[PDB]
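Data first, discussion second: the structure below is written as structure tokens.
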Amino acid sequence: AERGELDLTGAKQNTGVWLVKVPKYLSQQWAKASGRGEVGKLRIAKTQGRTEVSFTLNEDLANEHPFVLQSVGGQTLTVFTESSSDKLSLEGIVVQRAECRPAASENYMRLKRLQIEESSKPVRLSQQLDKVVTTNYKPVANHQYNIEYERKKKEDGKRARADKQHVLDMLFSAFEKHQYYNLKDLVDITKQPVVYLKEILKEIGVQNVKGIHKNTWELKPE
Amino acid sequence: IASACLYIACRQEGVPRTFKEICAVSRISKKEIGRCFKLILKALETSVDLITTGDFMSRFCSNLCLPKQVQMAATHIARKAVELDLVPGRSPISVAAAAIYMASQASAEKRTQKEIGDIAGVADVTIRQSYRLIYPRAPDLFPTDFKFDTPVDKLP
Amino acid sequence: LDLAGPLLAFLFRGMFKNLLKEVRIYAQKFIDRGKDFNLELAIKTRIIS
DNA sequence: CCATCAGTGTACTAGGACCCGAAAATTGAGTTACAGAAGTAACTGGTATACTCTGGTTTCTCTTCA
DNA sequence: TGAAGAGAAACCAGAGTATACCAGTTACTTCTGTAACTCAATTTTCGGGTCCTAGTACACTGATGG
């Protein structure tokens, strides 16, 4: 007994179930209400040496479905369900397979044609355009992206050169986090001018040639 | 430099566009286009003839769906208006937009200030301002032989 | 038999892939720069024409 | 018969976006200073994915003693 | 007279070798602010309307029932 255990009780009882193939319109009508608890009646008629299966559509639902059985000896089928509470169980074993066919032949294709046309609605096609489009590259005093970026740079303003002591303290404090830093990445952390930062870094720091990516600055003066 | 050269070439050939019709294509602001345009005219030691109102009409009236009749109409209105000094010191593009608005509201296909502002690249306020300057002298600007379905004696 | 249509459709996808590749390259430059990109400017119309 | 009790036929609100114009404010060019900060525009290493003989290998008959 | 190696003509991976991008940074400019008058273009903002759909009050009507 565990979460992954399968409740194989249905197999023990050898419960039999029927697998039925039905078209979409029959199920679509059921899906319309799908909560009235009734969609039709399944009638089975048996004779001395012949059995026939047929289904009748509900009168309210509409506002004959002959059934053909199929051999199940070529493949063994079982039905299982997964509970929302993580408790899998086996409903039973399929004992017969059936298929549903339309009683009508001529006007039935008309319904199918509507479905094919209906499923063709998302099929987008190129549209002829009477007048050439004149709204492209239409007059703008400035592109919106240009004003946004320029405004941001102006607001963010200037990278102040802090007193060497403050810059040095920040550099040494950040050195503990990692052994080596990239010049570009170090600039963001220190937020100082590249030329000014390089001069400070040169005064104490040095760059070591690394054969894996490239020569990078090392915060350790020695 | 490329945008300024494009503008100078369009102006030299005799089919000038506006800076707003080059900034609409380039990636830089009209300010930089104008700056580099002046810089290029200064460097090359060349010049470009002054734009007139009849240059922006074959394109503005065609970008709009106006007929050729309304186009020659607005051409005549604008040329006469700049002749009769109704619009002193105002940019030819705003005068062109005003004249096109007049000839459009007068003729069959009417266009609002908004569409003409989008096409010409002129704020509708400027269209108003330079339309009130040619508003009272409407009839003597139009072509004499001019058919229309809205009386030129009544215009907004 | 590859008629005009299928032959043209063969070219369009190659030329449309270049168009989509080109806008990706153009946008990547501006996005990395930190500034949004203009869609009209990203499209190279001469690729298909 | 005088109580009561929906409807009715309206100007009068109640939200509910929405628009029209005016006036103020800005932008833009022109100059000339001023210091410093952005903002591209340029040459110059640096290390990996193929790559091209090549050094070794491997039977497979044979070489050289023994 | 084979034996233990001697020589010989095949494959086969791999280590320098060869490219192949891919960043890595030095000058060298523009672009700020302030000032001013100018004029036109363009935007912003701002008080008030404007139209429209949806209830709302209120006097009267029209039965209705006990």
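For the structure tokens, the naming scheme is as follows: chains receive sequential letters (A, B, ...) according to their order of presentation, residues are indexed from 1 within each chain, and ligands are indexed from 1 in presentation order.
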Find the residues near residue D:28: any atom within 12 Å, counting only C-alpha atoms (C1' of nucleotides), skip ones fewer than 5 places away on the same chain, and give them as an mmCIF file with N, CA, C and O atoms (P, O5', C5', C4', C3', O3' and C1' of nucleotides), in the first residue's frame.
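Final file, result.cif:
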data_model
loop_
_atom_site.group_PDB
_atom_site.id
_atom_site.type_symbol
_atom_site.label_atom_id
_atom_site.label_comp_id
_atom_site.auth_asym_id
_atom_site.auth_seq_id
_atom_site.Cartn_x
_atom_site.Cartn_y
_atom_site.Cartn_z
ATOM 1 N N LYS B 30 14.581 64.300 -35.749
ATOM 2 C CA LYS B 30 14.605 65.379 -36.776
ATOM 3 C C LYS B 30 15.671 66.417 -36.401
ATOM 4 O O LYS B 30 16.296 66.973 -37.323
ATOM 5 N N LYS B 31 15.876 66.656 -35.101
ATOM 6 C CA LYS B 31 16.876 67.619 -34.660
ATOM 7 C C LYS B 31 18.243 67.285 -35.236
ATOM 8 O O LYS B 31 18.922 68.153 -35.796
ATOM 9 N N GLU B 32 18.666 66.027 -35.113
ATOM 10 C CA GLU B 32 19.970 65.650 -35.643
ATOM 11 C C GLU B 32 19.986 65.708 -37.161
ATOM 12 O O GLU B 32 21.002 66.073 -37.760
ATOM 13 N N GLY B 34 18.372 67.839 -39.028
ATOM 14 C CA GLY B 34 18.538 69.231 -39.401
ATOM 15 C C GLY B 34 19.930 69.744 -39.101
ATOM 16 O O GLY B 34 20.513 70.490 -39.895
ATOM 17 N N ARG B 35 20.485 69.352 -37.957
ATOM 18 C CA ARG B 35 21.840 69.765 -37.621
ATOM 19 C C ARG B 35 22.830 69.287 -38.671
ATOM 20 O O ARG B 35 23.610 70.077 -39.214
ATOM 21 P P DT E 38 11.076 90.160 -28.521
ATOM 22 O "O5'" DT E 38 11.200 89.277 -29.847
ATOM 23 C "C5'" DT E 38 11.847 89.811 -30.992
ATOM 24 C "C4'" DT E 38 12.234 88.712 -31.961
ATOM 25 C "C3'" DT E 38 11.087 87.845 -32.440
ATOM 26 O "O3'" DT E 38 10.434 88.443 -33.558
ATOM 27 C "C1'" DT E 38 13.092 86.557 -32.009
ATOM 28 P P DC E 39 8.831 88.555 -33.600
ATOM 29 O "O5'" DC E 39 8.373 87.170 -34.248
ATOM 30 C "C5'" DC E 39 8.890 86.772 -35.510
ATOM 31 C "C4'" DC E 39 8.684 85.287 -35.728
ATOM 32 C "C3'" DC E 39 7.222 84.829 -35.659
ATOM 33 O "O3'" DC E 39 6.765 84.388 -36.933
ATOM 34 C "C1'" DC E 39 8.682 83.376 -34.419
ATOM 35 P P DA E 40 5.175 84.212 -37.305
ATOM 36 O "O5'" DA E 40 5.067 82.646 -37.554
ATOM 37 C "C5'" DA E 40 6.203 81.958 -38.092
ATOM 38 C "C4'" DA E 40 6.340 80.575 -37.501
ATOM 39 C "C3'" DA E 40 5.049 79.763 -37.389
ATOM 40 O "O3'" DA E 40 5.236 78.659 -38.268
ATOM 41 C "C1'" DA E 40 6.469 79.445 -35.523
ATOM 42 P P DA E 41 4.074 77.608 -38.511
ATOM 43 O "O5'" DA E 41 4.517 76.381 -37.602
ATOM 44 C "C5'" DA E 41 5.771 75.725 -37.845
ATOM 45 C "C4'" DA E 41 6.030 74.680 -36.786
ATOM 46 C "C3'" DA E 41 4.884 73.689 -36.567
ATOM 47 O "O3'" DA E 41 5.420 72.363 -36.536
ATOM 48 C "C1'" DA E 41 5.527 74.647 -34.511
ATOM 49 P P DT E 42 4.497 71.024 -36.716
ATOM 50 O "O5'" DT E 42 4.434 70.449 -35.234
ATOM 51 C "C5'" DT E 42 5.601 70.514 -34.393
ATOM 52 C "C4'" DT E 42 5.236 70.326 -32.939
ATOM 53 C "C3'" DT E 42 3.981 69.486 -32.673
ATOM 54 O "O3'" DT E 42 4.403 68.258 -32.066
ATOM 55 C "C1'" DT E 42 4.139 71.366 -31.218
#
Residues near residue B:38, cut-off 10 Å, only C-alpha atoms (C1' of nucleotides), skip fewer than 5 positions along chain, as an NGL selection string: :B and (4 or 8 or 32-33 or 43 or 47)
Export, as a compact mmCIF listing (two decimals), in the first residue's frame, the selected residues with N, CA, C and O atoms.
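Listing of part24.txt after writing:
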# COMPACT_ATOMS: atom_id res chain seq x y z
N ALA B 4 20.78 63.03 -43.50
CA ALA B 4 20.89 64.39 -44.03
C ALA B 4 21.19 64.38 -45.52
O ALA B 4 20.64 65.19 -46.26
N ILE B 8 18.95 66.01 -48.48
CA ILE B 8 19.52 66.97 -49.43
C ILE B 8 19.34 66.49 -50.86
O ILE B 8 19.08 67.28 -51.76
N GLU B 32 18.67 66.03 -35.11
CA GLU B 32 19.97 65.65 -35.64
C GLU B 32 19.99 65.71 -37.16
O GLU B 32 21.00 66.07 -37.76
N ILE B 33 18.88 65.35 -37.81
CA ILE B 33 18.81 65.46 -39.26
C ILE B 33 19.04 66.90 -39.68
O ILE B 33 19.82 67.17 -40.60
N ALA B 43 29.69 72.23 -45.22
CA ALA B 43 30.93 71.57 -45.63
C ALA B 43 31.05 71.52 -47.14
O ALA B 43 32.02 72.03 -47.72
N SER B 47 24.41 74.56 -51.96
CA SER B 47 23.15 75.06 -51.46
C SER B 47 22.02 74.27 -52.10
O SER B 47 22.22 73.52 -53.06
Go through chain D and flag each residue having an atom no more than 8 Å from chain A; for those, report the closest pair of atoms plus their distance in Å to one decimal, using only C-alpha atoms (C1' of nucleotides), ordered by chain and rising number, as a tab-separated table.
residue	atom	partner	partner_atom	distance
D:37	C1'	A:158	CA	6.2
D:46	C1'	A:214	CA	6.3
D:47	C1'	A:213	CA	6.7
Selection above as a file: C-alpha atoms (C1' of nucleotides), as a PDB file, in the first residue's frame:
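Below is the file part-v9.pdb, written as the result:
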ATOM      1  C1'  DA D  37      30.522  63.246 -18.807  1.00  0.00           C
ATOM      2  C1'  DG D  46      43.625  35.359 -27.657  1.00  0.00           C
ATOM      3  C1'  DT D  47      41.913  30.989 -27.412  1.00  0.00           C
TER       4       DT D  47
END
Give me, as CSV, the closest atom pair and its distance (Å, one decimal) for every residue of chain A within a cut-off of 8 Å of chain C, counting only C-alpha atoms, rows sorted by chain and rising number.
residue,atom,partner,partner_atom,distance
A:136,CA,C:40,CA,7.7
A:137,CA,C:40,CA,7.0
A:143,CA,C:38,CA,7.5
A:145,CA,C:36,CA,5.4
A:146,CA,C:35,CA,7.7
A:148,CA,C:35,CA,7.8
A:149,CA,C:35,CA,5.6
Among chain C, which residues does DSSP mark as helix (DSSP H, G or I) when it is run on the backbone? Keep the chain and numbering as in the structure and answer as number ranges by chain. C: 4-33, 39-42
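Among the candidates A:203, A:147, A:182, A:216, the residue lying nearest to chain B is A:147 (atoms considered: only C-alpha atoms).
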